[PDB]
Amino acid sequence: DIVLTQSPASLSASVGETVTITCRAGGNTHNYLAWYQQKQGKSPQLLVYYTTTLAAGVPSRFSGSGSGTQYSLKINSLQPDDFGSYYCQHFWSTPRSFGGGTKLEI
């Protein structure tokens, strides 16, 4: 069972700023790592899968990278629409697990 840890847990940032969030795996996930964004009272939305691929209609301001046990999500020049929670999830064998989440506040 791989545990995923996210950092930071919270981050305050202003519109237009550039941020990076980290997801660390307690074991090798072999790039089978996805990211999701969740806004308040809504369900999580897929952003990135297999470490670097953006899902459909995800803005180009988002990018993921990583391998092994370390992964990151970079958000270029934040838009008001980007505030919310961010979660990483692995797909290496089973069970699957999610990191703790990062809360991005304005």
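Throughout, we count residues from 1 along the sequence that is shown.
**Request:** Tell me which of 95-103 and 3-11 has the higher mean C-alpha B-factor in the deposited entry.
**Result:** Going by the record's values, the stretch with the higher mean is 3-11.
**Prompt:** Of the two stretches 57-65 and 44-52, which shows the higher Cα B-factor on average in the entry?
**Reply:** The stretch with the larger average C-alpha B-factor is 57-65.
**Message:** I'd like to know which of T29, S77, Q70, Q38 has the highest C-alpha temperature factor in the PDB entry.
**Reply:** Comparing C-alpha B-factors across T29, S77, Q70, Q38, the maximum falls on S77.
**Chain-wide C-alpha B factor ranking for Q89, given as lowest, middle or highest third** = According to the entry, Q89 has a C-alpha B-factor in the chain's lowest third.
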